[PDB]
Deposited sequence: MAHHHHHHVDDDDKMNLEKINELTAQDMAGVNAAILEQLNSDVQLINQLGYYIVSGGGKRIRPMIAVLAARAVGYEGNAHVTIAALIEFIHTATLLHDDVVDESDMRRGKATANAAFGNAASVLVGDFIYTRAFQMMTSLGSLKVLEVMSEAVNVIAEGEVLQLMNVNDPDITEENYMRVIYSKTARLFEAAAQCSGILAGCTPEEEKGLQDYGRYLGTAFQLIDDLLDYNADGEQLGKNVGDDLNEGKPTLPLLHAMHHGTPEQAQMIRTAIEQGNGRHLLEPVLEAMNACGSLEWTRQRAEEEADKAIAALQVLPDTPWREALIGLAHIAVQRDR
């Protein structure tokens, strides 16, 4: 089931999602208003809110509160991005990024509680705290060539996967699915979210490739080449991470990754996550909605 079939199938619900977003983001501040337009007018994938609407329909949801979940999930993602834009002494602006970020987060929280489900609040509550924790952990890893791939995996699970997992699972809870099904949706997101981030990290080496390297941000493929390349390569990479600003070292780094398998090794691991995701969904009744969720897993790790 290609992306086109998936879009048409989710067309109506995504319109509901966009309506939820516009009603929550309605002005006074041109800034907040034009942001609503920029989100609903986006020509992007918007895979997070879609998982939320698909997961609910997959377990037989008939009402339309799932659109509010999709919306609040997109808000959380948008806020984490705005906060991730904040620049340190290395200098929208910090104020705008911070304040608009706060507005969107808080509004997301209000939305969560409007659903009136304590369990949903329990799951989200933890998820967003875990996301904030992962962002900080990521801050600490900047310029640190020695983090374990265990730490790295905790980072991607925390900052990316967790939101997917909660998006899927909460829709399931709202639909009053069965414990078995709920878990199946939960895992699906965690695994898909994990795949999604692995693919993203490898694509950064392939807005411009080399950003992560340039920032001294250590990701799986870079860490892999460092642990498996030649001592000369490991040293160059270690230095690039410690000092940062090594964008000009992309090619030599690419040479080192090609040589020991880093990029394919990562893609491989991504594909494995996507398959654990699709497997998790096997507990759900085979329907077009479930087909769409599977189609997104494939699209996420494809090339």
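> Can you give me the gaps, meaning deposited-sequence stretches with no C-alpha coordinates, in sequence order?
Coordinates drop out over 1-14, 106-116, 232-238, 336-337.
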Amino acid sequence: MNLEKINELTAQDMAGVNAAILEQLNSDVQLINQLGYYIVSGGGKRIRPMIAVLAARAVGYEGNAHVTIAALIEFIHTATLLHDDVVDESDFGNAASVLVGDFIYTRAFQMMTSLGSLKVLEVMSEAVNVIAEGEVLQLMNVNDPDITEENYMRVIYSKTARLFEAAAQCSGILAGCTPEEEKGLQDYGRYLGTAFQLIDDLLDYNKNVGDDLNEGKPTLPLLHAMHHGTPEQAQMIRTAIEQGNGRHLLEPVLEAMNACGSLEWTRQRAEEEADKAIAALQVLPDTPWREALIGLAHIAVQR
From here on, numbers count along this sequence of modelled residues.
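> Got a sec? Mean C-alpha B-factor, which is higher, 245-253 or 37-45?
Taking the mean B-factor of the alpha carbons in each, 37-45 is higher.
> Give the stretch, out of 123-131 and 219-227, with the larger mean C-alpha temperature factor in the deposited entry.
Per the deposited B-factors, the answer is 219-227.
> Using only the C-alpha B-factors in the record, can you name which of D91, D102, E165, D201 has the highest?
Each of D91, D102, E165, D201 was compared by C-alpha B-factor; the highest is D91.
> Which one, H77, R190, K207, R107, has the peak C-alpha temperature factor per the PDB entry?
Top of the list by C-alpha B-factor: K207.
> Using the B-factor values recorded in the entry, state whether the Cα atom of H83 falls in the lowest, middle or highest third among the modelled residues of its chain.
Lowest third.
> What third of its chain's C-alpha B-factors does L263 belong to: lowest, middle or highest?
For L263, whose C-alpha B-factor we compare with every modelled residue in the chain, the answer is the middle third.
> Against its chain's modelled residues, does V29's Cα B factor rank lowest, middle or highest third?
It falls in the top third of the chain.
> Should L118 be placed in the lowest, middle or highest third of its chain by the C-alpha B factor in the entry?
CA B-factor rank for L118: middle third.
> Could you place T68 in the lowest, middle or highest third of its chain by Cα temperature factor, using the values in the record?
Lowest third of the chain for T68's C-alpha B-factor.
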